[PDB]
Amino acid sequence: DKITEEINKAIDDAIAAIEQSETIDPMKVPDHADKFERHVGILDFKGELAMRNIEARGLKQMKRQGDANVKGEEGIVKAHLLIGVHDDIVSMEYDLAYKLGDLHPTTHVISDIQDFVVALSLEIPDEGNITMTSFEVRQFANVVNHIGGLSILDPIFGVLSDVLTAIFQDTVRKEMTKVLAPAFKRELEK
């Protein structure tokens, strides 16, 4: 209970420190190119896309999703925690170029990452270096792709949207993990 309290405090303080530094909102994400192919009822959509100027906004709203899950295990405390965003979606903004045959338009897009959650684990020996032991951005359960000037009924939208989501689940999630993990680790492990 006192231990739960102080772990909660370590986490909140680390969150505050990270939010304070800026660095994290907006967060830059490296460009990413990908190739797509889908057959959709007598129609074929095969081509290529490029995302540039990708920025994640909203992590300034990060907050603990509740008490730490804590168990004393043989003279070492083990804690597991959720940090999500609170007062927003996490918003991804970027320029999109794609190619389909002779068409190669560009537009801008906002992608909504719903229920962004970081799961992290800690360890505390009776003395006494708090060690962060795992850090992961959970799988995005729902991503909404607002592709500038593209109607959602346009058969190509569904193709582009599904590809962008897969890219977010794979490429972008792992990049966000690579940025967030050392930041929390330096704050916690002090």
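Numbering starts at 1 and follows the sequence shown.
Novice: Identify the stretch, either 14-22 or 162-170, whose C-alpha atoms have the larger mean B-factor according to the entry.
Specialist: If you average the C-alpha B-factors of 14-22 and of 162-170, the larger mean comes out for 14-22.
Novice: Would you mind comparing 67-75 and 89-97 for me and telling me which has the higher average C-alpha temperature factor in the entry?
Specialist: The recorded data point to 67-75.
Novice: Just the C-alpha B-factor column, please: which of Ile147, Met62, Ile124, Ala141 has the biggest number?
Specialist: Largest recorded C-alpha B-factor: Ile124.
Novice: What third of the chain does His39 rank in for C-alpha temperature factor, lowest, middle or highest?
Specialist: Highest third.
Novice: Looking at the C-alpha B-factor of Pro30, is it in the lowest, middle or highest third of its chain?
Specialist: As the PDB entry reports it, the C-alpha B-factor of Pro30 lands in the middle third of its chain.
Novice: Can you tell me which third, lowest, middle or highest, the CA B-factor of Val137 falls into for its chain?
Specialist: Middle third of the chain for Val137's C-alpha B-factor.
Novice: Is the Cα B-factor recorded for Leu153 in the lowest, middle or highest third of its chain?
Specialist: It falls in the middle third of the chain.
Novice: Tell me, lowest, middle or highest third: where does the Cα B factor of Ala119 rank within its chain?
Specialist: Ranked within chain, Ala119 CA B lands in the lowest tercile.
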